[PDB]
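To start, the structure under review is shown below, and the notes come after it.
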Amino acid sequence: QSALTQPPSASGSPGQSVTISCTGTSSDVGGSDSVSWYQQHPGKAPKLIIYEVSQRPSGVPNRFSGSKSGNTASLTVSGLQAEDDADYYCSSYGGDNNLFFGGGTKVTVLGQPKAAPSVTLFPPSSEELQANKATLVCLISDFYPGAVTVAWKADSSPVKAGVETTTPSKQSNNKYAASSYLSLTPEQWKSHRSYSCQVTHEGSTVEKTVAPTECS
Amino acid sequence: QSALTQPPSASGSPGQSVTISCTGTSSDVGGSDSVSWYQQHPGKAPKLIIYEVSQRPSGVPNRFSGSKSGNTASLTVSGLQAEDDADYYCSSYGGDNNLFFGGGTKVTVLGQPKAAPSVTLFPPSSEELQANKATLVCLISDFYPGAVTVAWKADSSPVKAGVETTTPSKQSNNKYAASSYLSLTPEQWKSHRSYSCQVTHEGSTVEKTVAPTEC
Ligand SMILES: CC(=O)c1ccn(S(=O)(=O)c2ccccc2)c1
């Protein structure tokens, strides 16, 4: 994980407000007035937009404001404009391990209607199992905005290793698709009660589960 | 407001060294030892590789070394590996709570090894078939460089409708992955002897075939 917790994505339409949060502990976010926020347009240098929870550097419009309540800092962007479409990171001093960062929130300025993802979960194919592979694929299509977070479970347990998710890409219908794949051994696949794919889009999570069958 | 100065690009072959510079002013880079370097893979959070000019955080290999002379910080990456191919940003605090960032250097690791796609074709899931859907997925992973073409067959005949292929994306092994998905009805899927996914990469084609289940 990242050391501070940010929600992976947030969205608004032009001229609306968005608040994104940054959660730590009493020793980092809640121990001082040291929260910073940074804005990054993809493939461009990031920029500091807030320091000391609330302070705007020269040239940052007052549409951006920062606040904090105990262990959670918040950035509010009022009057969303096209240029506000970017990734936002927070940071806190932690005293003991110096500077701690969140994992970034992708903020989308809605360019089209919101669309919830179609999630399909494929158990291992016969051919790959005869090749000693039990890779599962979680197909995620037809969503907007193009920001999705994928988690896998082995039974109820988070599974960390063997997960890859493709960078969502705009398809012919102008909505996004991605696939997540989990590279299991046939042993792992057959020996568990189930595997699940959990897909989070626009602050809402969808889950699909598959289990081994006698046949294919 | 002003960026720190980085060259837009640099490069090295595997095992070689690259050195990249970050030029500020006497009031930022030249004014204290608060220079940081970050590594960023496109579409991912950055990783801190150096803080306070020279210091590697936990888990950053000793291949990454940071120095400063006057107003210019330098990062040297030695024994270059595919994973080092990335954008590198420098930062420096100045006066008045200012934080300055470089424009970023894209470091290319030259001559990365060609890799043929692993192709896995999945017939419709039980769940989607119960929901009156028969989408097939052709998973395409572990290929390099990141350009593939995908054609589908229904029995031996070209499929001209219903195909989406995602734009290849670099995964954590530094090789490309994509999925092709064919949106069939349960009727289309069951009315054919098989469906085939043909993946073309660097003039070479891999074909996989699936058929309605007998279970
Ligand atoms: C984990 C870590 O150290 C992080 C996370 C965000 N940032 S940054 O906002 O200074 C940034 C630096 C370089 C490129 C993009 C953003 C640093």
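Chain letters run A, B, ... following the sequence lines, proteins first and then strands; every chain starts at 1. Both backbone and side-chain heavy atoms feed into the values below; hydrogens, waters and symmetry mates do not. One-based numbering, in listed order, for ligands and for the atoms of each.
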Using the ring-ring contact (aromatic ring centres under 6.0 Å, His included) rule, collect all pairs that involve residues 142-166 of chain A, keeping only residues at least two apart or in two chains. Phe143(A)-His201(A)
Any ring-ring contact (aromatic ring centres under 6.0 Å, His included) involving residues 34-87 of chain A? Give me the pairs, sequence neighbours left out, ordered by first then second residue. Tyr38(A)-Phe101(A)
Shortest protein contact, atom 15 (C) of ligand 1 (heavy atom only): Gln40(A) OE1, 3.3 Å
Considering only heavy atoms, does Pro46(A) approach ligand 1 within less than 4.0 Å through its side chain, its backbone, both, or neither? side chain
Taking only heavy atoms of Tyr38(A), which atoms of ligand 1 are found under 4.0 Å from at least one of them? 9 (O)
For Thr200(A) and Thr205(A), which I'm curious about, is there any donor-acceptor pair between the side chains at under 3.5 Å? yes
Atom 3 (O) of ligand 1 - nearest protein heavy atom and its distance: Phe101(A) CD1, 3.3 Å
Can we say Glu83(B) and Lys47(B) salt-bridge, meaning some charged N sits less than 4.0 Å from an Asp/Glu carboxylate O? no
